[PDB]
Structure formats: structure tokens, C-alpha cells
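Worksheet for the structure shown next.
Bear in mind that the values in this text are calculations on the coordinates, not laboratory data. Here the Cβ positions follow ideal geometry from the backbone for every residue, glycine too, while neighbour counts run over all protein chains shown.
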């Protein structure tokens, strides 16, 4: 074990690569599993294809000396970044470890995220971010705010260029929540995840309103009240199935075509290629001018079956979402007569 | 520019919304999609056209009207003035008035008015002061305020500095202590985008303690709507100058023309308080354990939590931590502000900024 | 002069501002004068047009804590950056102070230079660099190396765009 020989050095590296798997001891990983939740990395391993993850800055450590912070310096800083592939397509991803400083962002922690953001924009690949953690790390100072800006800045720079998906499986309080809003799609876990600027405590001691974290910013309130959540996953795994499904419709970037499936080669005319499912639409509209009907009946009959609805629990008077018509991905936008007669409203 | 000078109903109201500025005349001008009649014979609600969509409401409630004129003449005056700050199109630079040629340095061209800013900030850390006192003294006199009767916790408008047109975006300590909220955010976001569209430099007067707490802010989508101000600024490519006169905490600091947010020149007054959060709730986290032994062992908290709150305040809550990091280009006297913005505008005159190639972004709506 | 009053905070600024002119005591300044040389700052004033210089990151200080380096944290970190004019035209400039750590490049010192470069490129104006100092600060470690590279890169990006 001579730390001076090449062999000793390689051995030293494997020790750190090892500790990084549990930066704050294995006992911490136990509590996480004891709550049915997954680890920051286990989530990446779950979402990305098997054995496709390539971690970056896995051994980085914070460099602060304020308020006895130089006492505890975990590997990773409390964040797991890197890249892999979701269904064969390269993607850049990062997951926050709430067990490490409550998932609060520090300088190195920020640098690690900024690195992934620049990688995704540079390679023109999607950027997936799993959020879970308290506000900025106060001990480090304003450096955290500075890095925050750096992160937001890249989000608005990548907006509409690179698909950006945000997965909320934790709490996530503070300016931390502004990053997800800037992205394209925000996926939440109904219950196991919240989102809010100010915590119930402060809200309590400033307004008097007494509310719980769930009430204040759970998946259901951001899905039917704020209109910020695009999907409320029933469980962590479901949250992932949604994210892969979403990416299946989108291209790697704005300069690329949305992926298409094999398109059938019919013979026409349409009047001879009409199927039973098609004809069912000739009698779907009620003989009465006001009698409502589920617009989903029309949607499901038009495309190859299997509609990925967006914000299904928000403004149900309008239905939007992804699907495929003849192997071609299309965006559906329909009014739902079964709600407000299909009228349009602010939401 | 959209002038509403009568009752505008139906599709007659979408065109205005799509334009950049909406000027209405208070009393003689309305604006609504559905009329009171239909509303009543449907919801049962009883309202007049004036309450439904008059200038009073579209200015203070919906945040749609950028100006509520008293008379039609007033409306014209506003539009005539408004156009004097904007160029004919986004391909041309904003018109400039005869710029003044000083002698320099700044420390020698300080008017008695400039000096008034050196003592404007109260000695009491939380005592309010109207930010208008700072705007009036900075620009060449004459402020064309936008949405003045909406989200008063934030002030936006056009004015001139050294003859150069600028878009002013400042917080208002006399309303919510300067805090940011849904409405204020949206009010600024759109304004910022507008300035950028027509090459108008964005000057920001910072002084926000944070975001206004409240369940409603959340439920109504503060996170989503708040982002707009972030998006707008981060997107802008026009010269950006930010001056922190006092408070700047947490995320608010960021969304307020922060250095790392793309701001070109960041200035700060000696009274600036840039930090993650107020020293008040800071001690609770920082000196966590030390306060834990204030309930068990040596116990006196509340006389300890006030000593620590003062030590942290007197050592971290200031403009030098940020200045040392570079997030602030320089910490200067309030009086020096006006002259500093002048040279800055000149330096950034022909600034070069290229936004990523894309049909368009995807700002939250 | 109460640190808790606006007037005191204002006076505090003018106190550091004054110190930034001699980050290492007056004697050091008299030492370079006795050698028949100008100060890093005086050089900037000489070149640029009278009363035109606008200093950047004047009160900056290094954030290192290696090898008792935390004892000496001079203002400006050994380099004077900012802009001004030369014959009426705008220019960007930085001068290195050899009396501060030997003119050695540190993290902050580097950041200040990087900032000027990015300004020169952004504004599209000439970048004047007055060099005078040793290599990198061995005490700060590879950090200085990263910044050196950062400086070099910005140099080639500006090459042919901005007179340097």
C-alpha cells in the first residue's frame, strides 16, 4: 500500500471512487432507502440506460473556511453530474443529493451543474436535472447566489435550443425552484416532492396563514393551481417512465428533426382505407348542439394510440399533449367540451 | 402603440394586447371581451362597463394598460413623449439629445443635487424611502413612468442620462419594502424585453429584501411568473447597468440585474447589503449549534441571538464581500452614481452581443 | 464615523479607497520612486488622457488561505484594471503592481484581468496591458494556472478583432 508507488496511487484512487458512493457514510443511504426514496445517483442509474452513465467531477470537494465549514467536505459536494443515454440517445444529466448539506448549493456544487449545462448546449443534447434540496448554502456566502445566476443564465440561453427536463422528487425550496420554471417540462412526484420560494414557517410568521409543505407547494397544487407542473408522477419510477416517453417525441435539439417511426404505405383512397375505429367518428358528435362529449375520444382515434398528455390536471377545458400520427410526432391542442363547454379561459 | 379611446369589445381587444404599449383614457374608454349583459345572464354578476374594463381597472387590476390618461389630450401627450425615446424600428439606435461634455473627473462635477443622494439612505436599516428620489436625480429630469398605478412595489419607465434614452427598472422601498411579487415581476419582465427589442439600455436600481411571502403568491404561480423577469434580463443584449442602493438578498439579488446574470457594469452604495438572506434569520442557520447550547448549557438566547445577529451583520452583510468576488465592478458614493452611469453608457455604446441561434426561446407564459 | 450610520459607511468607503492607492504602505511607493520607476497606477495615468481613468475591482482581495497567505490581503490584489481614453478614444487597460507579491498572478488578480479583456472584446475597443511582475503565486496552487490559460485564450479570441 505504498502511497508513493504507482500501484499505491491507483489503489488510492479506487478508495475515493469508493467513498464517493456514500459521501456521508452508508448510514445515510440507509435512511434514504428507509423512506422508500432513491439516492441521487440511483435515480440517474434508474432513468438512464443500464451502464451508460459517465460521472464527472465525482471527487470534487468544497473550498470554504467560513463558520467551520472546512470540517466536513464530502466528495461530490452533494451533487451527481454526468452524461449517459436514454434509449440510445446521448443526454446530459445531474441529480441532487439531499443527504449532503440538505442538498443546498455551494460554489463547487454550482460549478458541477454549470459544467453539465455547458456540455449539453455544446453537444446539442437534452439536459435533465433532478432537483431535491434546500436553498443556497448560507455558510459559503454570496458565492452561491452568483453561481445561481450562472445556472439560470444557461437555462435561458438553452431555452428552445436544447430540450430541458426538470424532475422534482424532493423538497426544493429557495431560488433553487426558479431553474425548473425556466426549463421546458417540470415533472413532480405527488407528495414526495414540493416546490416553493418561501417556507411555511416564514409565511406563518409574516402573514399568519398556516399551511403545510404539501399544501404550499405539492405536486397537486402546482398541477391545478399554479400551472407549473406538467406531470404528477404516482411514484419515482413512474416519473422516469414519463421523462423517457417525453424524450421519445422530442429531437436532440432545435436543429434536428423529431424522431419518426416507420410510416405505413397505404393504397387509398381514404374512403377505402377507413377502419371501424375511423367510422366511429362519423357518429361521435351528438345530435344536440350543446350536449358535451369527451374530446379524448377524438384524439385516441386519430393517432397510433397512446397519448402523452401534458398538464392533464390543469385547465381541463383544453387538452394538450404528444402523440404520433403515421409514425410522425405531433402536438395536439384540443378544447374539452366536458369542461366549461370547451370555453377558453386565462389558464 | 395602441390607444384605447372608447369602448372596445370583442376581438377589438386582442390587437391592443399584442402591441407594445396600451394607453387608455380614464372614464371615456373601456376594454373587455364579453359585455356586462352577457356576464349577468350567465354568471349573475352585476357590473358596469367602467368597472368591467375601464382604465382604473386595467391599470391597477389586470395590468394591461401602460397609462391611464385623464383626458384624450393627455393620452396624445403620453404617446408623443413615449415615441421620443424609441427609434423607428429595432434596426436603428434610439434617438439621442445633445450630450453634455464635462471636464472630469466625476469627483469634480458633483452638483448639490448629486450630493443629496449621499444622505438619502436612512440610518435605520429598515426605514422606507421612495426610490423616486433617486431616479429624479439621476436622469436629465422628466420621467415617463410605465404602469405607474400597477405593482407599485416596482418602478419602470423611460428617461435620459447625458441625452441618452434609458429604461429604468428599480424596486420601491415604499411598497412592500421593495419586495418582488408576481405582478411586479411580470411588469418588469415585459418592460425589459421591450427595451431590448428597441435597443434601450436597462438601468436597474436594486433594493429588494426578497419576495413577498404568502400562499396566494404560490398558488397563483409566483415561481412560474417570477421567472419571466429572470428570462427577460438574461435574454437582453443591450447595455445593462445595475446600481444596488441598499438591500439585495437571496434570489432577488440574482433576478435584479446581477453580475452573473449578464449585467455589464454593477455598482454598489456603501449602504448596500448583499447577502443570501437577512442577518436576522441567518444566525439561526449559521450559528446553529452555538444557539443549541444557548438553551442547554449557557442559556440567554435573544441576548445571544442579537449579538450574533450584529456580528454577522457587521462582517458579512455589506457590499465588499460581493465586490471582492467581482460581482460588483466598484463600490462608489451615491453622489457619483449619475456620472458613472453616463460614462458606462458611453463605453457600452456600441456593445456587441450575440444570442444563441434559435427560432425563438421558450420563456414561461 | 459610526459604522452603523449611512454617513459612517460612506466615510468607511473613502477610507479603503485611499488605502487602495498604497496597498502595501507608503514606503513601498517611495521605494519604486527611488528606483526611478513609476507605480503601476501612475503608469496608467501617464498613458491615458488626464482625468479619464475609471478603475475596476479596486477593493478586491484574494480569498486564499494557503501557507499563511491570509495574513497579507492587499487591495487590488497586485493589479490595476479599468478603462479610459487615449487621444479621445475609449480604451481598456491593466497594469501590474510589482510591489504586491512581486506582481505574481493570483486567483483574484487573474479575475480582474480576465474581466478587462472581456470588456475590451465586448465594447470593441483596444486592450493595453502593462506587464511587470513574477510568474504565478506558488502558494495559491494550480488555480493561477487555470486563470493564466483563461487569459491566454481570451487573447487569441481577441486576436485580429481588437488591437492588443
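With chain A treated as a Gaussian network of Cα nodes joined by springs under 10 Å, which of A:108, A:320, A:211 yields the largest mean-square fluctuation?
A:211
Classify the range C:60-164 as rounded, prolate or oblate, taking a ≥ b ≥ c as the square roots of the eigenvalues of its Cα gyration tensor: rounded when a/c is under 1.5, otherwise prolate if a/b is larger than b/c and oblate if not. Don't skip to the end; give the middle numbers.
Working: a/c = 2.55, a/b = 1.79, b/c = 1.43.
Prolate, because a/c is 1.5 or more and a/b exceeds b/c.
Output the 0 to 90 degree angle, nearest 10, between the alpha-carbon long axis of helix B:72-85 and the longest principal axis computed from the alpha carbons of chain B.
The helix B:72-85 is inclined about 60 degrees to chain B.
Enter the angle in degrees (range 0 to 90, nearest 10) between the Cα long axis of helix B:182-197 and the first principal axis of the Cα atoms of chain B, meaning the one along which they spread out most.
In chain B, helix B:182-197 runs at an angle near 70 degrees to the longest axis.
Give the separation of the Cα centroids, the range B:103-131 to the range C:89-136, in Å.
Each part reduced to its Cα centre gives a spacing of 31 Å.
In whole angstrom, how far apart do the alpha carbon centroids of the range A:141-176 and the range A:272-321 sit?
The two parts, judged by their Cα centres, are 37 Å apart.
At 222 nm, what helix-only mean residue ellipticity would chain B give, in deg cm²/dmol to the nearest 500, using -39500 (n - 2.57) for each DSSP H run of four or more? Spell out each step's value before the answer.
Details: 16 runs with 129 residues, N = 365.
Mean residue ellipticity at 222 nm (helix-derived): -9500 deg cm²/dmol.
Taking Cα pairs under 8 Å and at least six residues apart, what relative contact order does the range B:245-311 come out at, in percent? If you can, show how the numbers build up before the last one.
Numbers: 52 pairs, mean separation 20.2, N = 67.
This gives 30 percent for the range B:245-311.
For the range C:27-100, what relative contact order do you get, as a whole percent, if you take Cα pairs closer than 8 Å and at least 6 residues apart? Could the numbers behind the result be given before it?
On the way: 100 pairs, mean separation 24.4, N = 74.
Relative contact order here is 33 percent.
For the range A:170-229, state what percent of all Cα-Cα pairs lands in each successive 10 Å bin, counting from 0 Å until the bin that includes the largest distance.
24, 56, 18, 1
For chain B, with a Gaussian network of springs between Cα atoms less than 10 Å apart, report the residue from B:305, B:193, B:338 with the top mean-square fluctuation.
Evaluated over chain B, the most mobile residue of the options is B:305.
Relative contact order (percent) for chain C, with alpha-carbon contacts under 8 angstrom and 6 or more residues of separation? Please report the intermediate quantities before stating the final value.
On the way: 264 pairs, mean separation 30.3, N = 164.
Rounded, it is 19 percent for chain C.
Cα centroids of the range A:45-80 and the range A:215-230: how far apart, whole angstrom?
Taking the Cα centre of each part, the range A:45-80 and the range A:215-230 sit 30 Å apart.
Looking at the square roots a ≥ b ≥ c of the eigenvalues of the Cα gyration tensor of the range B:209-365, which shape do they give, rounded for a/c under 1.5, prolate if a/b is larger than b/c, or oblate? Each step should come with its number before you reach the end.
On the way: a/c = 3.07, a/b = 1.56, b/c = 1.97.
Oblate, since a/c reaches 1.5 and b/c is not below a/b.
Let me have the 222 nm mean residue ellipticity of chain A computed from DSSP H runs of 4+ only, each contributing -39500 (n - 2.57), with the sum over all residues rounded to the nearest 500. Before the final figure, lay out each step's value.
Numbers: 12 runs with 113 residues, N = 347.
It lands at -9500 deg cm²/dmol.
GNM on chain B, C-alpha springs below 10 Å: top fluctuator among B:112, B:196, B:162?
Comparing B:112, B:196, B:162 in the GNM, the peak value goes to B:112.
Between the helical axis of A:107-123 and the dominant principal axis of chain A, each derived from Cα atoms, what acute angle in degrees is found, rounded to the nearest 10?
40 degrees
Is the protein assembly as shown best put as rounded, prolate or oblate by its Cα gyration tensor, with a ≥ b ≥ c the root eigenvalues, rounded for a/c under 1.5, and otherwise prolate when a/b is larger than b/c, oblate when not? Don't jump to the answer; show the numbers that get you there.
Values: a/c = 1.71, a/b = 1.26, b/c = 1.36.
It is oblate, given that a/c is not under 1.5 and a/b is not larger than b/c.
May I ask you to order C:130-138, C:99-107, B:7-15, A:171-179 by the average number of other C-beta atoms within 10 Å around their residues, highest value first?
On the way: C:130-138: 15.3, C:99-107: 21.0, B:7-15: 13.6, A:171-179: 24.8.
Per-residue Cβ counts within 10 Å, averaged per peptide and sorted highest first, yield A:171-179, C:99-107, C:130-138, B:7-15.
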